[PDB]
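Consider the single chain below, provided in structure tokens and representing the form solved without ligand XM0.
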């Protein structure tokens, strides 16, 4: 029956509402009760406020008309307004006070997840105040979650006029009995009710969601903690920079503020950051989520030495040069983690701060060839498997879906053993033809990786492992240095390859190192525990990169 849900902004999706400042201002200032509301509503359908709400005039032009209405109301109530009484002041403060009502947004999100069309229908204004950006940010953050935002001042109609409900219906392509409409103003619900819409009068949020749950039959209250917002690839800004004649890097870009470059691991994608990209943008940063060289829409030349760390890092510096960025924050996971540590040691002037998920910083041992070093740790045997060009490419390319479904697994889900892979003859020799789907991913998300990896396959990616000696010689150049820029290491309890204890000496090289640690988290940290990753990264960004 019900197929659509419509939410007001003031007092429904955002709180405290702004007439709640008309009320509170009267109280705080000991003015005649309702005086500010009288001024606000003066002249009714043709008074200043309606002209505002219909987009006839801007907020800045309205402010002095409200001033005049206040003067008139207080003359007629035979009172004075206090010295320094300021309408601009009151509204600036009310409008910045007003925050997203998180439980109501989460109900709308959930109803949209079960197939509802959702909309915001609000009486609002053209905001040209000096501080208008605050409201622009709120509306951006809210509206991306809905099918439609209908604003009185853009459509030239206002609640409770009946035409705006007809316009709503026509936008929804729904009939009234398929629609629930929530508002904190009863006079605003009446015309929706007249048309036979389900309406809910919102006072406290919980009771409104109780009514909303009853009428839609979906669970909205007491529901588990939802995942952070993810990214839809076709809604992102896609960027492309040529770093040298045969090599272009692709990235996705979202947000404003200090540049934050995310560097994914093997065998992954920009999309491995999908849960971090919207949260970090929301947190005040300019995210650049790379396809690393070898992957996705970035170039993948065939030659092994195109993937040594020296070359990869120089190219990442060029990438900053061509975008006109003097620095970025570098945040890496897995191979990308190893890369950002080398960015910090070789190009500290270009790195505002550095963070790694899982990958520890371990200085090259100048007394042991990296082959031997690798051979001293049974868990790294898969790295020898990767050496011989073509062997791992053929196994990994043979069935892409099976490849990603086998790799991308939570720590409780039959993770592959990295155990005597060479001896066994391959990574999947002991895994099923058709693995089950991890709880971490959807079938759609697996097919995104499959489709990315059909462009270049696994050659470029595997080549990252094929420069052990060359990277060892380059790293030995840095053995006298310390990392003294702001630095964060995030360990994962159940990553059984990049174990938390392998990071234990990092303070000898990075004395002011900060740490986070995520429990019950396997190797695929960003999608295993996206919520915790986001909280640990934002907290460290705000204190150390800002």
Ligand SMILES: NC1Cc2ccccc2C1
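Positions refer to the first chain, counted from 1.
A second form of this protein, the form solved in complex with ligand XM0, is not displayed here; the remarks below concern that form.
The pocket of the shown chain is open, since ligand XM0, superimposed from its pose in the entry with it bound, puts no atom within 2.4 angstroms of any backbone or C-beta atom. Checked against ligand XM0 in the entry with it bound, the residues 271, 335, 165, 251 give one hit for a heavy atom within 4.5 Å, which is 335. Put simply, of 199, 216, 471, 452 only one has a heavy atom within 4.5 Å of ligand XM0 in the entry with it bound, and it is 471. Against ligand XM0 in the entry with it bound, the set 7, 13 and 142 makes no contact: no member has a heavy atom within 4.5 Å. Picking from 74-82, 335-343, 216-224, 130-138 the stretch near ligand XM0 in the entry with it bound, with a 4.5 Å limit on heavy atoms, gives 335-343. Within 4.5 Å of some heavy atom of ligand XM0 in the entry with it bound lies at least one heavy atom of residue 364. Using a 4.5 angstroms threshold between heavy atoms, residue 351 stays clear of ligand XM0 in the entry with it bound. The shortest heavy atom separation between residue 446 and ligand XM0 in the entry with it bound exceeds 4.5 Å. In the entry with it bound, ligand XM0 sits within 4.5 Å of a heavy atom of residue 309.
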